[PDB]
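Written out below as structure tokens is the structure these notes cover.
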Amino acid sequence: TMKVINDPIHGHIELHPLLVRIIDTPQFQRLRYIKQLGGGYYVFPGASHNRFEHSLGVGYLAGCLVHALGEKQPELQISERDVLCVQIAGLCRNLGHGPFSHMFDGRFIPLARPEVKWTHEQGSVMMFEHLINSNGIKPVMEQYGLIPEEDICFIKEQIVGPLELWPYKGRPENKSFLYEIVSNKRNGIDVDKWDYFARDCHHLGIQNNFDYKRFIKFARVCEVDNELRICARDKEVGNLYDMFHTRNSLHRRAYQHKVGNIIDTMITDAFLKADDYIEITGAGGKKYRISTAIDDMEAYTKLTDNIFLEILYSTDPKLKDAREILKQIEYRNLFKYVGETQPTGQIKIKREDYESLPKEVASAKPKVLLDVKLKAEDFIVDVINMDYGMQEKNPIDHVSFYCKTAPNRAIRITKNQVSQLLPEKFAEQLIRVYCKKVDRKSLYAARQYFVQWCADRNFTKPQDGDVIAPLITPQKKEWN
Amino acid sequence: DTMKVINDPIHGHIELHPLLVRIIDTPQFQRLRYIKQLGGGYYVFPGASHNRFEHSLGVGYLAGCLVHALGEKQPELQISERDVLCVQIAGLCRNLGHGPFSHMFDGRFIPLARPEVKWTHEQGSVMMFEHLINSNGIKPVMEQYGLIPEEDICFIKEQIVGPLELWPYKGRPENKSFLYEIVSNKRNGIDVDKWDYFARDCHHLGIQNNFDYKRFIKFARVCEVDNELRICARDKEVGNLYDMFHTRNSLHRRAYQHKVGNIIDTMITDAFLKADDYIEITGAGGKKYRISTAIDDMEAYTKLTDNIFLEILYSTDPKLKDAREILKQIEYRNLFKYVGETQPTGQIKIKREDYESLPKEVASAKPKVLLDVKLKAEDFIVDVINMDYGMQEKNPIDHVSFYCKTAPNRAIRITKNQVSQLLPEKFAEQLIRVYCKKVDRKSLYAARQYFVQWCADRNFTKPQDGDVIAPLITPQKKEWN
Amino acid sequence: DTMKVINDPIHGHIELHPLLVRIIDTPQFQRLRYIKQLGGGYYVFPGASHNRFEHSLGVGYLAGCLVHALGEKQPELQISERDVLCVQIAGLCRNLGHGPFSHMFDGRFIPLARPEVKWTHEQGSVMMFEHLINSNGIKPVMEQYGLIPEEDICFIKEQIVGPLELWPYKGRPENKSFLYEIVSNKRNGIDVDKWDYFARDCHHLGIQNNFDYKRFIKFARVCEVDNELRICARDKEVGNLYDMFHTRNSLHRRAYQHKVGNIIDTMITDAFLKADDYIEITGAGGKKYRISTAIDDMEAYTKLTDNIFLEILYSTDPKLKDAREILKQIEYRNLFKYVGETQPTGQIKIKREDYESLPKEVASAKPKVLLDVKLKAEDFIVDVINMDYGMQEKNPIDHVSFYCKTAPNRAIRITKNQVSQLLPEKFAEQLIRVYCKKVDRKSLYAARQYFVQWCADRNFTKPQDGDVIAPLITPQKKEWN
Amino acid sequence: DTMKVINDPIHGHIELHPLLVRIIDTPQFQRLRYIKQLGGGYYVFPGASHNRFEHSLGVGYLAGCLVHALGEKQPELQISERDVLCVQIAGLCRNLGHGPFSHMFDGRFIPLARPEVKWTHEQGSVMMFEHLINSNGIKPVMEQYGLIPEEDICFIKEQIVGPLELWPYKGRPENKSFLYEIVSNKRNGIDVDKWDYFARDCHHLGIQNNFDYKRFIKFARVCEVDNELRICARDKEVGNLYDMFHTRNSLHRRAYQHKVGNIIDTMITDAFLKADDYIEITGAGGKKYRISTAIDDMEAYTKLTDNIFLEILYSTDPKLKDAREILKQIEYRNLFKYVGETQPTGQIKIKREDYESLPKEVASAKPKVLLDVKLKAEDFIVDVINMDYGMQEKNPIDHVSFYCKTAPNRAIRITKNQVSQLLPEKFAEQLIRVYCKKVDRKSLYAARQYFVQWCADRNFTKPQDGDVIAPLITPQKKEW
Ligand SMILES: Nc1ncnc2c1ncn2[C@H]1C[C@H](O)[C@@H](COP(=O)(O)OP(=O)(O)OP(=O)(O)O)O1
Ligand SMILES: Nc1ncnc2c1ncn2[C@H]1C[C@H](O)[C@@H](COP(=O)(O)OP(=O)(O)OP(=O)(O)O)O1
Ligand SMILES: Nc1ncnc2c1ncn2[C@H]1C[C@H](O)[C@@H](COP(=O)(O)OP(=O)(O)OP(=O)(O)O)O1
Ligand SMILES: Nc1ncnc2c1ncn2[C@H]1C[C@H](O)[C@@H](COP(=O)(O)OP(=O)(O)OP(=O)(O)O)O1
Ligand SMILES: [Mg+2]
Ligand SMILES: [Mg+2]
Ligand SMILES: [Mg+2]
Ligand SMILES: [Mg+2]
Ligand SMILES: [Mg+2]
Ligand SMILES: [Mg+2]
């Protein structure tokens with residue numbers, strides 16, 4: 001029968017036996033050894049938390065919302081079967097994450113396997129399939145009134161979207177709102193965010209501005225374009241803008257911390273240098289690399305943060321280079337942050353250009369006296385796309401509301417109906433430059449290149465420009 | 001006398017110097033125990049029972065924290081215990097001038113009861129401070145602890161209200177310019193008063209505070225700027241500061257300007273107006289004052305608190321029947337009814353002198369809709385709310401100085417474009433709320449029609465629920481749909 | 001009417017059924033906004049601004065949570081919405097009877113002002129409930145929502161006060177026995193009222209609460225015990241229950257019985273006694289009552305709140321000079337002075353009838369020490385405080401039923417010896433505090449000598465600072481050293 | 001180098017002196033990032049992801065707070081920056097010696113793997129400290145900041161472990177006696193280590209901490225006691241101290257000794273024992289050690305962390321099949337089954353030498369009941385847990401000195417009878433938990449009968465569920 005778990009974020013959470021069964025598998029328990037925030041623990045020591053607990057919380061919130069909708073509106077005809085499918089999807093959407101979470105799919109795979117297109121979402125689905133099959137979960141699903149054919153499909157669609165008009169098969173348009181819960185492809189407002197806001201804040205020691213419980217109390221389902229969608233009370237629109245403001249602020253302060261990112265980068269580099277020599281045993285004894293473990297779920301199951309220590313503790317001279325990089329992390333001899341800047345006006349930077357940017361910085365020729373001359377390979381340039389989840393688009397334009405005088409009647413609210421104190425744009429890029437040569441003279445030089453390059457490209461003046469490169473900044477009129 | 005410890009839920013165990021205790025244990029200060037921080041907000045947010053008293057302790061303590069932190073980081077500043085105590089006293093004493101229900105008193109009631117006079121709680125804080133000192137022989141005690149009342153009383157007053165009339169301050173020289181930035185920062189609004197109320201109001205409202213003042217105190221340094229010594233913030237903390245103001249604005253949107261909170265303020269104000277002629281408060285020499293004239297005698301002002309509300313509610317005098325009746329409608333929750341919200345468009349701005357005429361404009365609107373009842377100007381209330389980042393149209397971060405880690409003594413400026421594109425383009429706006437004093441279904445239905453029609457007439461923004469409440473009006477306007 | 005949401009800092013967003021709202025929006029309920037939960041504690045713990053009103057919402061909500069949880073876990077209980085609403089109304093309404101400064105009123109002032117009468121805030125809660133219903137036509141609304149006023153009003157009153165006179169309850173049958181355990185558990189004191197105040201008082205005092213009521217609700221089941229259906233707790237949660245009472249006792253030790261908190265209560269009480277003859281409160285039909293007689297007319301009681309304190313403080317009537325003077329000494333913090341604390345020894349226990357004679361005993365002690373001043377009985381205050389786990393000498397866990405996971409429908413009992421040896425051997429005790437009304441150094445020096453001598457004479461426990469305050473006295477007693 | 005700021009969720013922004021940073025940025029310290037504070041507790045309390053690393057920062061910081069506060073209140077103490085840094089370093093470094101899964105290592109695994117040796121994490125903290133200093137050239141840096149390595153290294157070690165053998169300390173004189181009370185108080189256990197873990201563990205477990213260390217720091221003074229200068233507490237704070245220990249005991253009851261938490265510790269231990277012969281860790285000079293012998297070489301110990309658990313779990317070596325199999329049963333949550341709890345009666349106490357024989361006693365019990373299966377000693381596990389207030393049968397408040405406001409410089413003593421009758425009469429006890437390795441319904445049914453019978457045979461306390469679990473057995477005993 002049902003279990004109770006004490007979670008510091010949510011208190012006592014009840015788990016249905018079916019969910020317990022899913023949880024007590026190697027594929028799920030693997031998430032215990034994967035840090036939610038990856039390299040962020042190396043900056044924010046409270047951030048020891050792993051994907052496992054986050055996943056329970058997501059499962060629980062998914063349950064809270066679907067339950068609340070069913071209580072408020074019986075006409076929806078939400079079944080226990082629906083509830084469990086939504087919960088399982090909530091529990092299982094993080095299944096696909098790799099070592100150090102976003103470091104894996106954000107940095108390492110793109111560089112190690114550039115041709116392949118891969119996301120932790122893709123992986124969550126494959127791992128789910130693997131989990132089910134390796135553990136005879138299908139019978140248990142039937143025992144609790146689930147129909148594996150339909151429901152497994154439903155659960156996967158919740159995580160990844162349509163597997164291919166109504167494009168979903170797992171449930172009909174009348175249950176369209178169930179898709180908005182775990183992973184909302186329309187506007188990003190889902191229970192996953194709500195868990196991580198609260199859980200990350202509790203651990204980082206930052207405080208969360210967003211009340212998900214309030215939002216759940218005001219959520220209704222209404223008809224919109226012959227779909228039944230989740231609608232929010234009109235007056236809660238400010239709170240939603242704040243939700244995304246909060247999300248952006250958490251990225252600025254924590255998830256994109258300049259040092260957090262460089263640590264991610266260093267770990268990535270070490271993984272690249274270990275990739276040829278590290279072997280992980282997949283299906284039938286067969287052997288995979290860190291970069292190919294994504295092709296066999298049996299191998300992927302064993303790919304966790306542990307890899308980092310396997311490398312750190314290795315004695316194989318093949319891994320000397322990789323191991324050396326991790327040692328510099330332990331001694332805190334890190335690549336050195338040089339500065340930050342942004343593009344100007346319409347200028348935007350594409351992914352294909354990323355590899356050429358170190359070369360551009362090294363090519364800048366500042367009119368200054370330098371001991372050392374620096375090369376492209378000495379520079380790291382991290383480009384960070386900050387948005388409200390939908391590139392240039394405003395996600396509140398993709399949200400439906402209702403008012404208290406007509407609760408069944410969905411409506412739209414424009415930005416101009418809310419406030420003038422809101423953002424005019426919803427996307428931007430940050431450029432961080434770091435130097436792999438750490439000494440005073442290399443660093444002094446690196447700053448001159450950097451600031452010169454900013455001036456050459458008509459980027460924004462680094463905040464400390466006048467202090468670090470006083471001989472460069474005067475040339476640019478706009479800057480002073 | 002030696003030092004006392006107080007347990008505050010926001011700040012933990014706070015130490016108080018005997019001098020501060022002496023100031024605190026006076027009728028003038030203890031009066032703050034009977035003045036709600038958020039006034040009518042308690043009638044919407046039941047956790048908001050807190051009073052100005054505790055807020056004032058917290059402000060005093062944070063003032064102390066920041067000045068102490070600057071002195072520890074930089075001895076060369078030559079900050080004395082005398083400076084520390086003066087800053088703390090100013091922190092404790094900047095809320096001394098508040099009246100019943102806080103901002104309701106100076107924001108609503110006085111402007112309507114004594115329209116000719118110009119008055120602010122800041123003014124009052126200074127007069128009440130003067131009164132407190134004199135009525136309790138505090139000056140001797142100040143001397144006993146190494147303060148110089150001539151200079152220091154001036155300093156403390158300037159901290160609260162600004163110059164009492166280059167360098168316009170007398171209480172301290174330009175080398176101690178940064179001490180003025182602490183309790184009430186007239187330059188950019190970044191001060192310890194905000195920090196206390198953010199944390200304290202959030203803890204009570206059950207909303208969560210986004211702003212880390214402790215972090216800010218760790219990164220604060222003093223640097224030279226324009227031959228002044230000013231408090232400077234680490235460059236990379238600039239985002240946090242934008243967030244501080246974003247937080248402040250969000251607290252106003254959710255709580256301090258809650259539509260119902262405001263109407264309750266308004267109703268209490270109305271009741272006070274109707275009681276003003278009959279309520280008498282004994283000031284200096286047995287002389288008698290009204291609620292609206294108590295501000296002229298600090299002895300009378302000392303006795304003017306939230307208690308007035310219950311004095312009226314519990315009165316039996318038939319003179320007060322009308323005032324008393326209004327408070328009773330509050331208890332029964334028969335409140336004036338919110339009709340809707342809208343904003344001006346483009347450059348349009350609304351001045352204070354026009355406020356009285358707006359109910360008349362709404363009543364004059366003639367919507368092409370079937371109405372049982374016809375409504376009059378006096379049936380409508382129109383609240384106009386100026387929301388900003390503390391400096392009207394100005395960006396306060398343009399008035400902040402920073403430093404970088406490579407040159408910690410060298411002050412610098414950071415522009416908005418150097419921070420983010422996701423920041424606001426404007427830093428002030430107005431909200432218009434309309435409420436109706438006639439509560440029945442038909443009067444309310446009607447009121448919505450006038451309101452939306454009037455929005456259309458004035459080219460204001462489409463109320464969010466416009467199409468639902470006034471479906472026959474909204475189509476006429478192209479822009480709206 | 002449809003349902004309302006209220007944001008509480010302790011519990012978050014609480015939903016209120018329209019019927020509850022209607023009850024809430026009355027003068028009789030709204031009155032609780034002007035009664036401090038902790039009375040004079042605010043004068044020691046400045047975060048404790050909270051009033052009975054918000055506590056009452058929280059109790060109402062928790063009552064709802066538990067009854068809902070039982071119904072979800074066991075449908076066979078047949079719990080109806082009707083039952084749910086009755087339990088919630090009882091939760092909301094059990095604090096209705098509290099007077100100014102809460103426990104100060106029924107604990108101190110009434111006993112001394114009307115010694116013949118027997119009165120408790122529970123009594124008052126019932127009378128005020130009756131009054132609230134009748135004065136506001138609530139009965140019709142109850143019927144509209146499917147309640148049966150005859151049965152249900154009785155049920156609600158029984159929840160608050162117990163049987164109005166076996167199955168001694170009329171409002172519901174033995175099969176719904178467990179509904180009585182929720183709001184005010186007369187059997188063992190484990191109820192949702194405690195759970196609210198633990199969390200709410202901690203949040204405000206700035207002390208941290210050790211007890212997880214949410215956990216307890218998850219584990220709670222109903223089982224048959226002695227042909228009753230009672231709420232049962234999971235066996236392994238027994239430690240948590242012992243901790244619940246430990247926490248309750250610690251909150252009293254640190255806060256509710258703070259020595260200075262208590263003396264302030266005492267000073268306010270004294271001021272009320274001296275004002276009682278001159279303060280008049282208009283009850284039913286214009287008839288006039290005193291502070292001490294307002295309890296006889298609910299219409300008058302409705303207007304009796306903390307406001308009285310300020311009515312006196314701000315009075316000009318020379319009749320009230322003495323009462324007013326006492327409150328002024330509170331504002332200036334010239335308080336009666338704590339002398340010390342001690343406890344009885346062995347079997348010795350002190351009865352209420354002896355309380356009046358104790359100041360006289362202390363004044364009669366004759367310490368072999370040199371004294372400037374000689375002190376009188378009237379100079380001494382002696383507060384006696386009974387600390388227990390809610391059931392005098394009895395252990396409340398002996399009155400709790402449990403279940404185990406292998407047989408969830410089978411109730412069982414757990415003895416102390418089955419839990420831990422580290423638990424208390426006794427569950428009740430008395431503290432004696434002595435204070436002096438003469439505050440000067442020499443009177444205080446003397447008062448300490450009397451006090452410690454008296455402790456020695458009566459074979460009480462050695463005050464913790466006995467050797468330091470009165471070195472010349474403590475040597476005489478062998479046991480002490 | 002200048003000072004760093006770290007954001008800790010428990011304590012906020014903590015400042016670190018450059019010297020402490022230097023100590024922290026070493027492999028020997030960074031190792032603590034891969035050792036769970038609560039070991040197997042994370043497998044019961046999913047918020048408890050935290051590691052020894054962050055606990056250590058918090059201890060270091062609180063040590064600093066207290067010593068600073070004493071110096072501010074009393075200059076006459078003559079506390080120097082040198083003293084402050086030494087106390088902080090001791091605070092940071094007292095957890096250095098902990099092994100995989102913390103107390104599981106020294107509480108369970110070593111005692112069973114190397115029974116002849118006597119070893120504690122305290123011993124290890126000292127050896128690891130020595131190793132850390134030497135391997136990283138910290139001594140020069142100590143001198144640079146005004147420390148005297150000869151005296152101060154000794155001082156720091158004495159803080160952690162006590163005298164290395166009248167005044168028995170060499171690192172500082174009797175006039176600075178109170179500095180020893182801070183990091184690890186051998187007199188009464190009131191130290192900053194507790195204060196950190198109370199607050200940190202509670203934050204993570206989702207239990208709430210009853211004890212206000214900040215308050216205690218405000219009221220702490222130094223007074224003369226028996227020609228020593230000792231830390232004294234304000235008289236009226238005595239209740240808070242009793243509550244401190246009550247809180248400590250309640251944390252053990254709820255969390256640190258959770259029945260399932262403990263069985264998981266036991267299972268991990270068992271797996272480590274079965275792996276001990278085959279796992280090799282490279283120590284000094286390429287030399288090879290076992291899990292159980294790594295404690296003899298700090299270079300090897302540095303590499304011994306929670307990672308071992310995954311090294312075994314992911315192993316393919318058939319030598320480790322048995323060890324690996326145990327960890328897999330943990331992942332599937334096929335755990336040994338808790339049977340019940342009981343305590344000894346009266347004066348009866350159980351010694352460590354008898355522990356091995358208890359499974360045999362339970363198996364020897366012969367209940368008058370019908371059984372399908374007969375169970376053996378090896379099928380039973382018996383955990384014995386000694387609960388106290390930190391000083392066996394002794395009351396630690398009897399070893400605390402107080403002062404009063406009237407005479408602040410005058411130390412005094414307070415007896416229990418001067419405080420309350422509602423306090424405990426005893427300050428120590430034992431708990432016995434019995435578990436069964438055979439998990440099926442019939443084995444478990446049987447195990448309960450043995451257990452309860454055995455309790456009756458030994459005149460132990462009646463298990464709380466005795467009547468439900470073993471109704472036939474329970475009636476024979478009159479007392480029950
Ligand atoms: N006293 C407590 N207070 C708070 N949390 C607790 C307490 N005891 C245990 N927990 C946590 C640890 C677990 O995450 C969760 C459930 O544990 P627990 O109730 O002990 O379940 P269990 O599975 O060990 O017992 P059983 O299987 O006998 O029902 O609650
Ligand atoms: N046990 C406690 N835990 C937490 N806070 C407390 C406790 N006792 C008192 N406080 C709070 C209440 C007050 O705001 C503040 C000062 O209390 P306290 O130290 O009792 O001052 P006091 O003036 O009564 O004692 P004294 O004057 O004897 O030193 O600390
Ligand atoms: N944005 C917010 N965040 C948190 N709490 C809020 C917010 N807005 C209001 N509250 C609080 C104040 C109240 O205690 C409770 C209900 O308020 P609110 O949702 O504003 O109801 P309302 O009665 O004013 O609106 P309506 O009657 O139009 O639904 O929530
Ligand atoms: N905005 C923030 N709010 C709260 N904590 C933060 C914030 N940004 C960073 N932190 C945390 C992460 C670290 O634990 C700690 C210090 O980080 P930070 O001040 O960025 O130092 P840094 O070393 O990266 O910058 P620098 O070396 O330039 O001073 O505070
Ligand atoms: Mg997502
Ligand atoms: Mg005192
Ligand atoms: Mg201001
Ligand atoms: Mg009770
Ligand atoms: Mg740095
Ligand atoms: Mg210890």
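By order in the structure tokens, chains are A, B, ...; within a chain, residues start at 1; ligands start at 1, following the order shown.
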If you take only C-alpha atoms and all ligand atoms and a cut-off of 10 Å, which residues of chain C touch ligand 1, and what are their nearest atom pairs and distances in Å to one decimal, in chain and number order, as CSV?
residue,atom,partner,partner_atom_place_in_ligand_line,distance
C:210,CA,ligand 1,3 (N),9.6
C:211,CA,ligand 1,3 (N),8.4
C:212,CA,ligand 1,3 (N),6.8
C:213,CA,ligand 1,3 (N),9.8
C:214,CA,ligand 1,4 (C),9.6
C:215,CA,ligand 1,4 (C),6.9
C:216,CA,ligand 1,3 (N),9.1
C:218,CA,ligand 1,19 (O),9.8
C:219,CA,ligand 1,19 (O),8.5
C:234,CA,ligand 1,29 (O),8.6
C:235,CA,ligand 1,28 (O),9.2
C:236,CA,ligand 1,28 (O),7.7
C:237,CA,ligand 1,1 (N),6.6
C:238,CA,ligand 1,1 (N),9.1
C:239,CA,ligand 1,1 (N),7.6
C:240,CA,ligand 1,1 (N),6.0
C:241,CA,ligand 1,1 (N),9.6
C:243,CA,ligand 1,1 (N),9.7
C:404,CA,ligand 1,28 (O),8.3
C:405,CA,ligand 1,29 (O),6.4
C:406,CA,ligand 1,28 (O),9.1
Keeping N, CA, C and O atoms for every residue in the selection just given, could you write it to a file as an mmCIF file, in the first residue's frame?
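Dumped everything to again29.cif:
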data_model
loop_
_atom_site.group_PDB
_atom_site.id
_atom_site.type_symbol
_atom_site.label_atom_id
_atom_site.label_comp_id
_atom_site.auth_asym_id
_atom_site.auth_seq_id
_atom_site.Cartn_x
_atom_site.Cartn_y
_atom_site.Cartn_z
ATOM 1 N N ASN C 210 9.138 22.682 17.352
ATOM 2 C CA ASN C 210 9.635 21.315 17.164
ATOM 3 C C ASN C 210 8.597 20.302 16.592
ATOM 4 O O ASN C 210 8.970 19.168 16.237
ATOM 5 N N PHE C 211 7.315 20.689 16.482
ATOM 6 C CA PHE C 211 6.219 19.704 16.221
ATOM 7 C C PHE C 211 5.539 19.711 14.843
ATOM 8 O O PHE C 211 4.928 20.704 14.456
ATOM 9 N N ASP C 212 5.554 18.548 14.188
ATOM 10 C CA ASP C 212 5.011 18.381 12.839
ATOM 11 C C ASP C 212 3.555 17.882 12.817
ATOM 12 O O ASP C 212 3.300 16.672 12.765
ATOM 13 N N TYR C 213 2.602 18.811 12.825
ATOM 14 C CA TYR C 213 1.183 18.435 12.825
ATOM 15 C C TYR C 213 0.793 17.815 11.505
ATOM 16 O O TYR C 213 -0.041 16.908 11.466
ATOM 17 N N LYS C 214 1.396 18.252 10.404
ATOM 18 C CA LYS C 214 1.068 17.636 9.109
ATOM 19 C C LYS C 214 1.380 16.166 9.084
ATOM 20 O O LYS C 214 0.607 15.360 8.544
ATOM 21 N N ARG C 215 2.486 15.795 9.722
ATOM 22 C CA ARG C 215 2.858 14.392 9.797
ATOM 23 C C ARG C 215 1.811 13.620 10.606
ATOM 24 O O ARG C 215 1.374 12.535 10.221
ATOM 25 N N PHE C 216 1.399 14.208 11.721
ATOM 26 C CA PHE C 216 0.446 13.565 12.580
ATOM 27 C C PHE C 216 -0.885 13.324 11.865
ATOM 28 O O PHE C 216 -1.500 12.275 12.024
ATOM 29 N N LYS C 218 -1.288 12.845 8.619
ATOM 30 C CA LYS C 218 -1.123 11.679 7.720
ATOM 31 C C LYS C 218 -1.250 10.320 8.385
ATOM 32 O O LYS C 218 -1.716 9.385 7.791
ATOM 33 N N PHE C 219 -0.767 10.211 9.616
ATOM 34 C CA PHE C 219 -0.780 8.928 10.297
ATOM 35 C C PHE C 219 -2.098 8.638 11.017
ATOM 36 O O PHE C 219 -2.395 7.496 11.284
ATOM 37 N N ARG C 234 -0.501 6.257 14.792
ATOM 38 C CA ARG C 234 0.437 5.162 14.503
ATOM 39 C C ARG C 234 1.389 4.960 15.663
ATOM 40 O O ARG C 234 1.858 5.910 16.249
ATOM 41 N N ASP C 235 1.624 3.708 16.031
ATOM 42 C CA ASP C 235 2.429 3.394 17.230
ATOM 43 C C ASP C 235 3.747 4.166 17.292
ATOM 44 O O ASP C 235 4.082 4.767 18.303
ATOM 45 N N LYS C 236 4.479 4.161 16.192
ATOM 46 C CA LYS C 236 5.841 4.672 16.208
ATOM 47 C C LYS C 236 5.892 6.189 16.340
ATOM 48 O O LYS C 236 6.936 6.739 16.588
ATOM 49 N N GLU C 237 4.751 6.845 16.217
ATOM 50 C CA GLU C 237 4.666 8.275 16.381
ATOM 51 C C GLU C 237 4.541 8.723 17.831
ATOM 52 O O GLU C 237 4.404 9.902 18.119
ATOM 53 N N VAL C 238 4.644 7.782 18.751
ATOM 54 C CA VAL C 238 4.480 8.077 20.166
ATOM 55 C C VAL C 238 5.520 9.053 20.720
ATOM 56 O O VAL C 238 5.192 9.925 21.532
ATOM 57 N N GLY C 239 6.773 8.912 20.292
ATOM 58 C CA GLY C 239 7.822 9.864 20.670
ATOM 59 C C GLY C 239 7.500 11.293 20.282
ATOM 60 O O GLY C 239 7.752 12.233 21.039
ATOM 61 N N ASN C 240 6.942 11.447 19.087
ATOM 62 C CA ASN C 240 6.573 12.750 18.595
ATOM 63 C C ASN C 240 5.538 13.428 19.490
ATOM 64 O O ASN C 240 5.478 14.648 19.602
ATOM 65 N N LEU C 241 4.711 12.617 20.123
ATOM 66 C CA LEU C 241 3.653 13.132 20.988
ATOM 67 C C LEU C 241 4.189 13.599 22.308
ATOM 68 O O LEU C 241 3.755 14.596 22.846
ATOM 69 N N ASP C 243 7.144 14.699 22.581
ATOM 70 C CA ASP C 243 7.783 15.938 22.143
ATOM 71 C C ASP C 243 6.805 17.063 21.983
ATOM 72 O O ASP C 243 7.138 18.218 22.209
ATOM 73 N N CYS C 404 -0.916 -0.296 14.922
ATOM 74 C CA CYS C 404 0.319 -0.718 14.272
ATOM 75 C C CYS C 404 0.034 -1.065 12.834
ATOM 76 O O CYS C 404 -1.107 -1.293 12.448
ATOM 77 N N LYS C 405 1.088 -1.129 12.032
ATOM 78 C CA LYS C 405 0.913 -1.254 10.591
ATOM 79 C C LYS C 405 0.396 -2.618 10.161
ATOM 80 O O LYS C 405 -0.292 -2.712 9.151
ATOM 81 N N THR C 406 0.681 -3.655 10.943
ATOM 82 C CA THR C 406 0.178 -4.989 10.624
ATOM 83 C C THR C 406 -1.320 -5.162 10.931
ATOM 84 O O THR C 406 -1.945 -6.033 10.347
#
Per-residue DSSP, stretch 151-182 of chain D, filtered to helix (DSSP H, G or I), as a PyMOL selection string
chain D and resi 151-161+174-181
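Of the residues listed (A:452, A:333, A:134, A:460), A:460 shows the shortest atom-to-atom separation from chain B; distances use only C-alpha atoms.
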Close residues to ligand 5 using only C-alpha atoms and all ligand atoms, limit 7 Å, as a compact mmCIF listing (two decimals) with N, CA, C and O atoms, in the first residue's frame:
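Full text of result_7.txt as output:
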# COMPACT_ATOMS: atom_id res chain seq x y z
N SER A 183 5.06 19.21 -18.53
CA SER A 183 6.01 19.85 -19.43
C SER A 183 5.27 20.60 -20.50
O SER A 183 4.92 20.04 -21.54
N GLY A 188 5.50 27.01 -21.11
CA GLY A 188 6.50 26.74 -20.13
C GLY A 188 6.05 26.79 -18.70
O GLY A 188 6.85 26.58 -17.78
N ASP A 192 7.38 21.44 -13.09
CA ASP A 192 8.81 21.20 -13.00
C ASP A 192 9.52 22.47 -12.47
O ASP A 192 10.30 22.42 -11.54
N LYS A 193 9.22 23.60 -13.09
CA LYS A 193 9.69 24.87 -12.61
C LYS A 193 9.35 25.06 -11.17
O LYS A 193 10.18 25.46 -10.38
Can you list every residue in stretch 358-453 of chain D that DSSP puts in strand (DSSP E), as a list in words?
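Filtering stretch 358-453 of chain D to strand (DSSP E) leaves residues 380, 381, 382, 383, 384, 385, 386, 387, 388, 402, 403, 428, 429, 430, 431, 432, 433, 434, 435 and 436 of chain D.
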Interface residues on chain C facing chain D, 6 Å, only C-alpha atoms, written as number ranges by chain:
C: 208, 210, 422-424, 426
